[PDB]
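The chains referred to below are lettered A, B, ... by the order of the sequence lines, with proteins before strands, and numbering in each begins at 1. Only heavy atoms go into these numbers, but all of them, side chains included; no hydrogens, no water, no symmetry mates.
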Amino acid sequence: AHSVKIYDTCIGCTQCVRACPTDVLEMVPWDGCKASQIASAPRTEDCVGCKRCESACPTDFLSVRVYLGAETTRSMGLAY
Amino acid sequence: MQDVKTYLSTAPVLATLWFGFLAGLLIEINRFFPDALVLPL
Amino acid sequence: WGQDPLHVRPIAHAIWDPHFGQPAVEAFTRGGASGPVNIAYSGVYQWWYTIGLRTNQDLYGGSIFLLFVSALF
Amino acid sequence: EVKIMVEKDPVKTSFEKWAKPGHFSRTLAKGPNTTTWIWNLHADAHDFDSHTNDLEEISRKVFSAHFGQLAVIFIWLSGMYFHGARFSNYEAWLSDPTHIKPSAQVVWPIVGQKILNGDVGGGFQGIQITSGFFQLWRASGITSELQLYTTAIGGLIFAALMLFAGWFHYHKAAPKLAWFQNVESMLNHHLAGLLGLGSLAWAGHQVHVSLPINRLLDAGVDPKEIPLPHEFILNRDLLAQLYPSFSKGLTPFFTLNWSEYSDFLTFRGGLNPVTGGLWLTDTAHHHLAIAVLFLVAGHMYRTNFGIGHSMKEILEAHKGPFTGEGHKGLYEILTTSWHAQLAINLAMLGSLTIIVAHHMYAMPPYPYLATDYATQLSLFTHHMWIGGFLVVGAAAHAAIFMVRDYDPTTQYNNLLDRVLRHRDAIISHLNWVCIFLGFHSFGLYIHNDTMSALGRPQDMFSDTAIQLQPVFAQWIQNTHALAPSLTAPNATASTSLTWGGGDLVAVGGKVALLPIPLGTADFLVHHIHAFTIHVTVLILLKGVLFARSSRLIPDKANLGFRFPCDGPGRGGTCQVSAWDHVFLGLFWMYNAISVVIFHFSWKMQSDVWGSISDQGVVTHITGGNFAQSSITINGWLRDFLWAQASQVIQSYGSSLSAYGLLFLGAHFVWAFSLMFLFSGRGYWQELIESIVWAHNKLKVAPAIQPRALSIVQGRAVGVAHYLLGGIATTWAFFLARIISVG
Amino acid sequence: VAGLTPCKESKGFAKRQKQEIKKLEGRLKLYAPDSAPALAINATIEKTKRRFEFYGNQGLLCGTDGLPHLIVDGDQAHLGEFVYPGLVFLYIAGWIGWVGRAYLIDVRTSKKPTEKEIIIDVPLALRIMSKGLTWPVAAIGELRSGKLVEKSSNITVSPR
Amino acid sequence: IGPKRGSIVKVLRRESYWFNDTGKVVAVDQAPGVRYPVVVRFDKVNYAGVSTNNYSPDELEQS
Amino acid sequence: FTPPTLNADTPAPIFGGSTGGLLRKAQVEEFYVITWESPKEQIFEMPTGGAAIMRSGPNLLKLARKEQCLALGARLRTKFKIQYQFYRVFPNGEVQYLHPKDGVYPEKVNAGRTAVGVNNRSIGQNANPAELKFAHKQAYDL
Amino acid sequence: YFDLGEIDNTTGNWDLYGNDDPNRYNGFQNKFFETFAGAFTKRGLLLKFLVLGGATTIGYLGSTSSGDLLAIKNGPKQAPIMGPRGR
Ligand code: CLA
Ligand code: CLA
Ligand code: CLA
Ligand SMILES: CC1=C(/C=C/C(C)=C\C=C\C(C)=C\C=C\C=C(C)/C=C/C=C(C)/C=C/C2=C(C)CCCC2(C)C)C(C)(C)CCC1
Ligand SMILES: CC1=C(C/C=C(\C)CCC[C@H](C)CCC[C@H](C)CCCC(C)C)C(=O)c2ccccc2C1=O
Ligand code: SF4
């Protein structure tokens, strides 16, 4: 549904994963930062699109980026 | 006065003291020189 | 309106409303019409008068011609 | 266990904490970095729960803030008595009040505003006041302006005492948490000591001061030759010539011969035909009764003397089969959360202020209150707006209790847990009754507008068309008029004149009150009122119930109260917060209270307020057009919003032209609100970025970065200008129209 | 000029003086002649008569409404309507703009530059509010020396 | 790598808030493979409220 | 990492009933089951609205959304020291285990997971939309 | 309450107010309704004659109506109201 993209400006601060309320983001190993980890979005079909990860990203400009695309019953947040 | 004058130098107090002086001046201009539509000088 | 463009209100179209009472039928009858009509405030009478259209048959022929033009398009 | 817990000198009285502005919050103590720091400085200024997690210092902050509020109200009362003493015509109005308008504000002759000092009468120029202070001082027995100056300087003394107590109960001896948690003692000393002894003391004033002076004012005696209030206490024969029951001298009180006090303690009812205001023998019996009843009710709870009630024992014994473990933990709610008690107290104070508004147009308590129509409209309108604001704030602090003080571990299977457990049912059935009320009142208005537009006056909801007579109200008004004969014997007359007992009271040639008719128009506008109150309840109760979580956002309590949104996800989570429900309930309070005061103004300008000529003919201000024009929106726009606005727009060049200026400036503040309400932060942030670029070009960049207002702040600014502009529009239109035709 | 009669010879402007005193004289009829509110209306009448004798003596132009109209084109007769108080204004408005600009330069080279804007340093402020008197000689002096404007390489610019 | 620690640099990154702004370098990572090693501290915060950001040496010049 | 199997014999927390629970999306589309092991009998805030007494052993809670499982799960990870996992249950009977996928929570890094949805460029090096007209690819997915 | 043997009983698929009674009428009443409502069964057939039959039945009484039945077919019954400026 929603497309969440991680860019190489990430410092591995992990707070995009901690702010995620639908378990989209996970921290995979990486070689481009001091923390040696970058975020990724394997369960991007579960993304509501709330951009809590973009609110918690301290990198200017943002490393996690959520693009609101086709919206399904996962990304609409319904219970009915 | 190391901190009382610091409070008196804050943004709302200095706006109140300046605009109190500013509106105090412009009212007193408008008493002795009222209805001023054209500057004669 | 072509006979007297100063004292005749230009009529747009007739009104067929099932919700009118008799005051609404008697009050919307303007311009010397047989029923309740809408007064045209679009300036189409002034336009068609200045351009050369005089009778209702000329306006009907123009309506058929522009039906044909829209059909061609 | 109830006793005084204070401790000495918690914080030192120093100005070094005045110099640092954001000392209360950890985020604002680092100093400013953007221009949003200034707005969070004011937003978190009074929010004492966000400062510290210790409820003891929070309660001390709230207690000294109460004392500062009391100091501000005593400064305000000092000003209004000093304005009566020096800048009023209160002695001139008190000589004859049927021709001289009440005025207590003189403007300075500076810029052409000296035309606002209008001819109010009595050889006086000033702003005609509508606050009702003149009739209040006439009911208090105030005869001279020296008494007003003495009350002003006494109020200044009490304002200094409240400032001293606010300093004392935060910096010298501040109470501890268990002192504030003695709610049984606080209720015992508020019911008996505050509302009981206050009613008893005002009853003593209304026995010795208000009653004989106001009896002499009904006799046409000049107030300069009326004896002073202490002369009735000293010379009791002077008090006995007006009431012979004073000749016995306190022996019927202790021998239970209270009927011998029937000369000055009566259950008359109705209005004084001399003045148009309630009797003070009834207002003194009223205060003596609510004092001998609030002092009884103040001996109910258990403090430390054995007798009484633990209210936890009252609550925990109140449990039912439809609830199970209900009412348990609500004592722990209402003694550990300031916001829950604030919600209950604000709901009662707002609803009570609405009670005050109705029980003052209908039973006018002050002499020449009813016949001064400006005072009646302004007092009703002011108390409706205060009451609506306080009930919206009640729902606000209910929601703040949910997001910041509701502990789910202590509340299992009680009333609050089960109300949260079926909040979908509450909000959905409230939604149904709101939509049903909206169609069955406003669509009835739309139907009347449509058939009046289509030339079908018989197809409407009129008194001549399909009738919708309020048979329950028309029966309860007959039940309240035909009461003295059988269900309430000992009454000389009836409770109010608006019930149907006759008594066309004419004071000064102007109608005080008469029987108020209730027809199809009153039915329609009362269903509008019920609809608007229900919708305000719907947004506000939805914000209270969905403050913790929702089906949309299950972690909404972690986001807080003043958060804008979660984001553009789940379709968009804009205005999910409980704050945003308070924000929308402020608009629905505008809608509700504005239609309430519009129905009030038109209903009594059409059916109550007017003049009486010879041979008993009553000519109202807008004669009889409420029954036929207030059933359509075109009548409300035409015979109310256009016909009665023909004195706010042509008041220019007169004393009421400031009402025209504030009418137009109130339209300005309303259209200014629509800038903040309809727009959003990011547009203004990029426009400010262009302005910051222009400042960078000319080296006038501030180090405090210019930022757009926050989304919560932009909505707050928009609703503040919407309420301020619309309320000031109605204030200007009301206070120009009813002053002009009054 | 522009079809407007002068206000000293305008019959409509003298009509508005006649109907303004007559409104105030009828307000005076219901007061005692030595009373305190009658002294305010008597001071209002003398304020009105001073106003109408000031507008006619300045060469103001009155239209068909009897109202003084301002000619802002830059006429040699009409300098005090727009040009003379405009130059008086822009001197005062440039004084506000120069002492606020010079305050920000003086606090940008400080230890905490953001605490000097919420808490304005009055000895630093008042020593340059006097210096804003001679500001056209200091604004064009900074314009000619290049210190007024900042080069675009050191200015924060949003991307395309 | 990096220009210098404790030096004044100007950001050439287009999408940063501090583009064409004076910043102070506080840390340069000398580990290979790091894309943005130079840590630059700024006197002014961005809209997120932070002043610490990592840039490559290609996006900075000494000023 | 072997995913845990849903036992379907552990019991529910003591809850009086809520109207915020499973609607017809549970019946035809999906519903979410969260299973966690408890130290003792506690009281927790229900993400549908309300409070329930959680059991002294393993607990099973049926939820409608994936966000309700994280809102509950982060509540009993910070207030309580309880490890949790949840599932996705479909109406045909298939139970899809969802979190944590490697057995360790996604805040902590694991060597088994791979980078997906990761761009080696930044935002400023994304291509303009004018040079990607009429293509399935967009400015960020390449 | 999860079972893995009955997926409908653990998800809310309950006939909350349903009944399993086979019949409660008699054969005489049942044969009358299916005979009369036998040409109204098919959705594609019923949508055809309801649109075509519904368009005719509003055009019939729209046209055969009288002056007292509907005011729009009554027409004006008084002198027309002349507007301002002689129009
Ligand atoms: C002059 C005597 C004095 C001094 C030096 C102090 C010292 C202190 N007070 Mg205060 N206090 C005093 C009198 C004093 N107080 C009184 C009279 C009250 C009763 C209101 C209290 C109650 C009190 C509370 C409850 C709190 C303190 C605290 C504070 C600290 C700084 C707060 C601050 O910034 O104040 C500056 C504040 C102001 C200038 C605002 C004053 C507002 C007044 C009441 C007027 C408001 C209405 C006014 C008419 C404006 C209306 C709007 C207008 C546009 C019309 C500091 C230790 C705080 C503290 O220690 O916590 C960290 C705290 O929370 N004080
Ligand atoms: C019989 C004693 C008594 C009485 C008269 C009151 C009266 C009052 N209380 Mg108090 N209170 C008492 C005992 C009493 N209290 C007890 C025992 C408790 C402890 C459990 C509390 C704790 C409590 C708190 C925490 C607060 C109050 C507040 C209030 C005020 C109500 C708000 C208001 O605007 O009212 C109308 C206000 C007035 C009429 C002003 C009257 C002020 C004068 C000086 C009397 C007050 C002094 C004292 C209480 C009684 C002295 C009597 C004296 C006249 C001889 C009012 C001053 C509230 C407040 O505003 O805080 C300041 C507040 O929330 N009370
Ligand atoms: C008994 C009265 C009472 C109590 C104790 C409080 C107490 C509080 N309120 Mg409030 N509330 C109430 C009633 C009250 N309120 C009412 C009347 C409303 C409806 C408007 C609400 C709605 C409510 C909401 C929506 C929220 C609170 C919150 C707050 C908290 C701090 C707000 C702050 O720092 O002030 C800030 C003060 C200002 C910004 C001053 C602005 C004043 C108004 C808005 C504009 C000016 C109006 C003025 C009359 C017009 C003059 C114009 C002229 C100057 C040109 C505090 C707990 C906030 C919170 O976080 O609670 C924890 C918040 O989010 N309140
Ligand atoms: C000064 C100045 C100025 C001016 C200003 C202007 C421009 C104006 C605007 C304004 C407008 C254009 C409007 C406004 C309006 C107002 C208002 C509106 C206000 C109000 C206030 C208040 C305070 C209120 C009160 C109230 C209330 C609260 C409630 C009830 C009612 C009332 C009313 C009583 C300028 C800038 C030039 C310059 C500088 C200075
Ligand atoms: C206009 C507007 C702004 C911009 C509003 C701003 C920047 C507030 C302006 C406040 C004053 C005018 C600036 C600060 C004034 C200083 C005290 C300096 C004094 C200068 C003069 C006022 C004397 C928003 O931020 C916004 C956010 C969300 C929805 C709508 C809107 C919105 O409509
Ligand atoms: S929050 Fe931003 S910087 Fe931190 S790990 Fe996530 S993407 Fe990287």
message = Within the supplied structure, the quantity of interest is the number of heavy atoms (other residues, nucleotides, ligands) at a distance under 6.0 Å from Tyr149(D) OH; does it exceed 12?
response = no
key: Considering all heavy atoms, the nearest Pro37(E)-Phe124(D) contact   = CG-CA, 3.9 Å
task = Search all heavy atoms of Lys23(E) against all heavy atoms of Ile115(D) and return the closest pair with its distance.
result = NZ-CD1, 3.7 Å
query = At a heavy-atom separation under 4.5 Å, does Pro702(D) approach chain E through its side chain, its backbone, both, or neither?
reply = both
key: Residue selection (most heavy-atom pairs with chain E, distance under 4.5 Å) from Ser690(D), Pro109(D), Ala19(D), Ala701(D)   = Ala701(D)
Shortest non-hydrogen contact from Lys114(D) toward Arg27(E) = O-NH2, 3.2 Å
query = At what distance, to the nearest 0.5 angstrom, does NZ of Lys697(D) lie from CD1 of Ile155(E)?
reply = 4.5 Å
ask   = If you measure from NZ on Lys47(E) to CD1 on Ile110(D), what distance do you get to the nearest 0.5 Å?
value = 8.0 Å
message = For a quick test of reading the model, state the closest non-hydrogen atom pair linking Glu150(E) to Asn696(D) and the distance between them.
response = CB-O, 3.3 Å
message = Quick one, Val692(D) and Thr156(E) - any side-chain contact, counting heavy atoms below 4.5 Å?
response = no
ask   = Do other residues, nucleotides or ligands put more than 12 heavy atoms under 6.0 Å from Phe89(E) CZ?
value = no
ask   = Of the backbone (N, CA, C, O) and the side chain (C-beta and beyond), which part of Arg101(E) lies under 4.5 Å from a heavy atom of chain D, both, or neither?
value = both
query = Under a 4.5 Å heavy-atom cut-off, does chain D meet the side chain of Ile118(E), its backbone, both or neither?
reply = both
inquiry  = Between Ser158(E) and chain D, with a heavy-atom cut-off of 4.5 Å, which part of the residue counts as in contact: side chain, backbone, both or neither?
reply    = neither
message = Please give me the minimum heavy-atom distance between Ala40(E) and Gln125(D), naming the atom from each residue.
response = CB-NE2, 3.7 Å
Heavy-atom pair of closest approach, residues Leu30(E) and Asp119(D) = CD2-OD2, 3.8 Å
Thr114(E) side chain vs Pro32(D) backbone, donor-acceptor pair below 3.5 Å = yes
key: Region of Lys30(D) that comes under 4.5 Å of a non-hydrogen atom in chain E   = backbone
request  = Tell me, for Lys112(E) versus chain D, whether the close heavy atoms (under 4.5 Å) come from the side chain, the backbone, both or neither.
outcome  = side chain
